[PDB]
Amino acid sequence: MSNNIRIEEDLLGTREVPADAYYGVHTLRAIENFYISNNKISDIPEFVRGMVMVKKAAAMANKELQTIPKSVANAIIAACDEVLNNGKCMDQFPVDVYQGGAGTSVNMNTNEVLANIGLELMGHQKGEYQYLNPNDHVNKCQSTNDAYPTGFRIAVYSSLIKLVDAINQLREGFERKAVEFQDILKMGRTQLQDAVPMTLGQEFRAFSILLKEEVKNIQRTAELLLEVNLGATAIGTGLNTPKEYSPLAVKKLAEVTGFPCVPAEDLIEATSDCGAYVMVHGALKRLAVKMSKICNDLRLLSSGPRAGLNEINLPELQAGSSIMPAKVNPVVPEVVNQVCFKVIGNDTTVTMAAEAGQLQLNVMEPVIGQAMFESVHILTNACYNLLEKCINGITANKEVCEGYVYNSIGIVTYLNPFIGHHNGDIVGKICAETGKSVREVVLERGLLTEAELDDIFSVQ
C-alpha cells in the first residue's frame, strides 16, 4: 500500500493514484465514496467490453468527423482493442457495482483506463501527463446519460445472447429425454387429480417447448435494447453532440458489436425512466416463473421413492442414506428454484429503480444494471446446471408409470364403445369401490376376454 504511485490532479485537488493502475483519479475517488458490496465492476456477461466497444465506436466516429485528432483517435480505437482482444488491460474498474450518479463514475473509469492504454500505445507515460486526455478525446462528443446506458445495452443484449445459448443447450437435454421416453405411459395431473393418458416423452418435450417460447420472448423483448443512445444530451434539445454525429456514431457502434442497434426512439425523454429494462428483465423473470415450475414438476414427479410419484429419477449427487435407503434428494432443481426466486425478486428491485425516475434523469440505472446482470448470470448457470447435472440423468420408472395408466378408471372410456357406456360406468364405480381396476372389474363381470381386452389401452 502507498508504495510506487502517481500523483494526478482534478477539480478536487491532487491525489496520488496507484501508479500502474490504469484507472485515474475520478475512479480512484469512486473507490472510496462507494463501499457497500464486495462486488465491483467485474464481468462474466459483458459491460467492460460493452463500454470499451461504445468507446471504439465513438472513437472511430470522432476521427471520421475529425471532431478529435486522428493522431489521438486511432490510439483510442487501438486502445479499445487492447481491452477487447484478451482484455490485456481488463478489470481496471474497481468501482463497487453499487455506485451513485447514474454511472458517471463508470463512463469515467472506461475513459481513464482507455486514455492511458492509448497513451502507452503511443509510448507515453500514462497518468500525470496525458497527451491523450480522456475528456476532450476518449469521451469527446458524449456524456454519461448517453454513453453509460448504451454500454449497458450492448452488454445485457450480449448477455442475453449467452442466456439463450444456454437455454437451447438445456432444450436438447429435454428433447433427447423426450426421444428416450417417447413411449412410456404416464397419466397427467390437472390440479393434482389424474387426467388423460400421456407419454413421459410428451411430458418432457412440453418443457423444451416451454423454454422454446422463453427464447422467442427473450430475443424479442431484448431488441428494445438495440435502440442505443450515443450523442444525445442531458436535458432537452442537445449540446453539439446533436449533429450528423449521433447517427454516424452508432453506425460504427453496430459495426463493432455486430448488433443491428439503431438510433433510439429519438432524442427526447430517453434517459428519463427508460424502462426498456423493465421489459428485458421482465423477460428474465418470465424464464424464472417458468424454469422454476419446470424444476417444480421434476422434484414432484420424482417424489417419494417407494411412496410418491416415483415416475422419474434425478441423479444422486449427494450421499446415500445407507441404513435408511429412502432418499435421492431433488437437489439440482431446488438450487435452480432458488436462483429463480432470486431472479424473480430482482424484478421488484429494477421496478423500484424505474419508478425511482425523477425529472430529466433516472439515476437508479446502475442498480438496474447489476440487478439485470445478476439474473442473466445465475439463470445461465441455473440452466447449464439442470442440464448437465440433472435432466441428462433422469430416467423413468416405466413400470409404475405405465401402471399408473392401466390402474386409472379413465381407461374405461376406451371400453365404452365395446361394452356400452352404461356398463363402463358400473365398471368405473366398482373400480372406485372394490379398489380393483377396470381390467379386473370388466374381467369379473364377464364383459370381455383378455385377448380382446388386452388389445387396446396404449394412448391416442
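Residue numbers run from 1 along the displayed sequence.
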* Is the mean CA B factor in the deposited entry higher across 265-273 or across 384-392? -> 265-273
* Structure fact -> The stretch carrying the higher mean Cα B factor in the deposited entry, 79-87 or 174-182, is 79-87
* **Given 402, 32, 433, 425, the residue at which the Cα B factor reaches its maximum** => 433
* Asked: Highest Cα B-factor in the deposition, which of 159, 110, 135, 229?
  -> 229
* Asked: Thinking about Cα B factors across the chain, which third does residue 407 belong to?
  -> lowest
* Structure fact -> residue 321: CA B-factor among chain residues, third -> highest
* CA B-factor placement of residue 102, once the chain's modelled residues are sorted into thirds -> highest
* **Within-chain third of residue 352 by Cα B-factor, per the entry** => lowest
* **Ranked C-alpha temperature factor of residue 285 among modelled chain residues, by third** => middle
